[PDB]
Structure formats: C-alpha cells, structure tokens
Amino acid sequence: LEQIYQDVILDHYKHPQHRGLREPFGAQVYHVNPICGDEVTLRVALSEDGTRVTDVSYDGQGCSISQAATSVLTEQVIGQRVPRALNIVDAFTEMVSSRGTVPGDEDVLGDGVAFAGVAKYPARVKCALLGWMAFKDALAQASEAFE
C-alpha cells in the first residue's frame, strides 16, 4: 500500500495532468508558501452558467509531492459541479491535516488517497495543500461572477 501510493505520486509527478496556464479563465491566484518558498499560479474556468468547473490550469515550482497533488486535484475536479468540487477539496484537506486519523475515501478522492501518509509528516502537509488551497481560493473568486 505504501509502495502503491508511491507509484501514484510518481505517476502524477512524471505525467502531470492539465499543467501549464490556459485561457479562458474566471480567476487566477498566486500562492507562495512562506516557509518553503514554493509557489503555484492557478486558474479556474467555470461553465457559462457557472455550475461546473470546465478548466483548472496551473504553473509553478514545488517538490514532487506538491506537483503530484496539483495534478491529482485537476483530474478530480475538472468537469465537476462546483458543490462537488468543494466537497472533494474539503475531503482532501480533512484527510491530509488529520495527522493520520482520517484515511480518506477513494470513491471521493480517487488518487488523492495516495496522500494519506503525508498527514503523518507535519512539515510536508503544506506540500499536499499548496495546489488544493489555491484551487479553493480561485474557485471562490471565479464564482463571484455568478452570485
């Protein structure tokens, strides 16, 4: 299982989904971690009626875990209705910041469950969160067009 999770992370690190900034988009955010210095620029696009995430595009520098996590994020939320995307994000963030007491559900997170073991390394939690909290922020800002 430990070895399987490693393979998931390597798969997403080497074969990132949805990498590189694209247009169109509703909101861009730039998040820089104040501790490790790594950064993500992330864009969200919504459908015409604002109900679905139609694109998530991103660039930046980080460790393999943060790059893998942002890859997994895009695969889980693109095409999803906004409330569902938010639910996935809350599930992921609950899991990685639970200090190992919340295992995560693969039916919700998919490959996202591969980051369960990060929860037991406090200084690496930020790596899993960088892209996901950038998404939460960008999704909120893009959604303002539809309030």
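Residue indices: 1-based, along the sequence shown.
Margin query: Can you tell me whether 63-71 has a higher mean C-alpha B factor than 91-99 in this record, or the other way round?
Written below: Taking the mean B-factor of the alpha carbons in each, 91-99 is higher.
Between 101-109 and 79-87 (mean CA B-factor, as deposited), the higher:
The deposited B-factors put 101-109 ahead on the C-alpha mean.
(Q) Is residue 122 in the lowest, middle or highest third of its chain when residues are ranked by C-alpha B-factor? (A) Answer is middle: the recorded C-alpha B-factor places it there.
Split the chain's modelled residues into thirds by Cα B-factor; is residue 142 in the lowest, middle or highest one?
Ranked within chain, residue 142 CA B lands in the lowest tercile.
Ranking every modelled residue in this chain by its Cα temperature factor as given in the entry, which third contains residue 48? CA B-factor rank for residue 48: highest third.
* Among the modelled residues of its chain, does the C-alpha B-factor of residue 16 lie in the lowest, middle or highest third? -> Highest third of the chain for residue 16's C-alpha B-factor.
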